[PDB]
Each structure stands twice: as C-alpha cells, then as structure tokens.
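Asks: Residue 15 in this note's numbering sits at position 15 of the sequence shown; the count goes up by one each step and never skips. For each residue, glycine too, the CB sits at the ideal point set by N, CA and C.
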Amino acid sequence: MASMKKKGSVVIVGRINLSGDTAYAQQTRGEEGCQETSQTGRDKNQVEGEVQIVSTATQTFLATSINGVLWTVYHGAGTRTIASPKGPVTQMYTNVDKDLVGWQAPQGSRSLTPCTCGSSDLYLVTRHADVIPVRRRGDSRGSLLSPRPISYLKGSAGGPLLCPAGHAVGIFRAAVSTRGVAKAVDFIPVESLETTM
Ligand SMILES: [Zn+2]
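1. Buried or exposed: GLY142, going by 16 or more other Cβ atoms within 10 Å of its Cβ?
2. Per DSSP, what kind of secondary structure is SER151 in: helix, strand or coil?
3. For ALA129, which of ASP97, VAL185, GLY20, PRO164 has the nearest alpha-carbon?
4. Let me check one thing: in DSSP terms, what residues is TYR123 bridge-paired to?
5. Within its chain, find whatever has a CB closer than 6 Å to the CB of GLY87; leave out the 5 residues flanking it on each side and keep chain order.
6. Start and end of the alpha helix (DSSP H) containing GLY33?
7. Hey, is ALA157 close to ligand 1, as in C-beta under 6 Å from one of its heavy atoms?
8. Alpha carbon to alpha carbon, how far is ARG179 from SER146?
9. Just how far apart, CA to CA, sit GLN46 and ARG135?
10. For ligand 1, is there a heavy atom less than 6 Å away from the beta-carbon of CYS117?
11. Less than 7 Å separating the beta-carbons of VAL10 and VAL69?
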C-alpha cells in the first residue's frame, strides 16, 4: 500500500482554435510538462478558448466548454481530476451512461452557447482541426456529408458539433464506420448536458 499510486489528472495540452476563418490545432504543453502536470495536478498555463486538447497517459482527446463547464467523454477521462492552477479539480458531473463528464471550466476559458437555432446543419470539429459538415438525423446522431476515414476522427471525442452560427449542439462521442469509413456520428446533445446540470 505504501507504493500504491493515484491516477494522474487530465492535462490540457493544447487547443482547437476556431476564432478565425481557419481552424487549427495549437500545442501548449509538450510531453514532459504533460507528465509532470498530470502527477502534481498543478497547471499554471493560461487556458484560452472553447475547445481544449486534453491528455491522459494513454489518450489524447478534446474537451469543450459549454455553460461554464468543461465537458468531455467518460471513455477518455474516466473519473479523473483535471490539472488546474490550484491543483487537481474533481469532476462536477460524471455519467458513464451518457459517456459524459464535466469539470468547472478553467478560469480564462470561453464557453460556447447552446444552440437556439433549431439547426440540423451541423459541423463536427476534430482534434486535427478539420471542420466536417454533418446533417443531424435524430436526438443524438448525424450523418457525415463528406466521408472521412474513422482513423481521422481519433481523439475527437469530447469535441463539439456546432451549428452554422457557431453555437454548441452537442459533444461528439463516437463514429459509425463501414469498411473503415465514418458515415455517421453519435453525440451527446446539449439538452442532455443541461439536464445533467
Ligand atoms: Zn445555433
């Protein structure tokens, strides 16, 4: 028991910048700093924007701020704390059944607003900063209008589905693939987030 360790914190290691006419990924922490920060839970880096790239020891994925909470998928983060300026921060919300977790959003981050457009014309934002058009087909599913290999969506879970105006419609959870090609996406709708809150 003396040698028993705690799980590391989730660490913010970059962001998906959607502020211009061009989407792009930025790294803010390399692997050494990520490892250190995961162990201490102390992250003194300034966080900015809506969509963060987060990492554990085994996965790199996305987390999206909506209504002042930084949301991601349970299959990425599990029950982990997130590193912060004040030390490790415990989850505010944990729901394995929805594949959804959330922490209070980092100081200096920006939150997306939930979509009030009633829009079914969506855009998926990926960990590689691709913006992929998606037509919504139900509460929690949409079809890719432009096929991608499923490998191209690796680490996009936790990122947003946006409406044409840039409002949050949902959090990407998982893709449906045929012969390696993603044809549809499953997501956690923003209403489900609101209910959890
Ligand atoms: Zn909207």
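Replies: From the atom records:
1. Taking the first residue of the sequence shown as position 1, residue 142 is located at position 142. Per the 10 Å Cβ criterion, buried.
2. Here residue 151 is taken as the residue at index 151 of the sequence shown, counted from 1. In the structure shown, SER151 falls within a helical segment according to DSSP collapsed to helix, strand and coil.
3. Looking up residue 129 in the sequence shown gives position 129. Looking at the Cα atoms, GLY20 is the closest of the given residues.
4. Within the sequence shown, the letter at position 123 stands for residue 123. In the DSSP assignment, the residues bridged to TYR123 are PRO133, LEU162.
5. For the purposes of this step, residue 87 is taken as the residue at position 87 of the sequence shown. Contacts found: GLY41, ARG42.
6. Numbered from its first residue, the sequence shown carries residue 33 at position 33. Residues 31 to 40.
7. One-based indexing of the sequence shown puts residue 157 at position 157. Because no heavy atom of ligand 1 lies under 6 Å away, the Cβ of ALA157 does not count as near it: no.
8. For this step, residue 179 is matched to residue 179 along the sequence shown. For this step, residue 146 is matched to residue 146 along the sequence shown. So the two alpha carbons sit approximately 16 Å from each other.
9. Numbered from 1 along the sequence shown, position 46 holds the residue referred to as residue 46. Numbered from 1 along the sequence shown, position 135 holds the residue referred to as residue 135. About 35 Å.
10. Residue mapping note: residue 117 aligns to position 117 of the sequence shown, counting from 1. Checking every heavy atom of ligand 1 against the Cβ of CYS117, one is found closer than 6 Å.
11. Position 10 of the sequence shown holds residue 10. Position 69 of the sequence shown holds residue 69. No, these two residues do not count as a Cβ contact at 7 Å.
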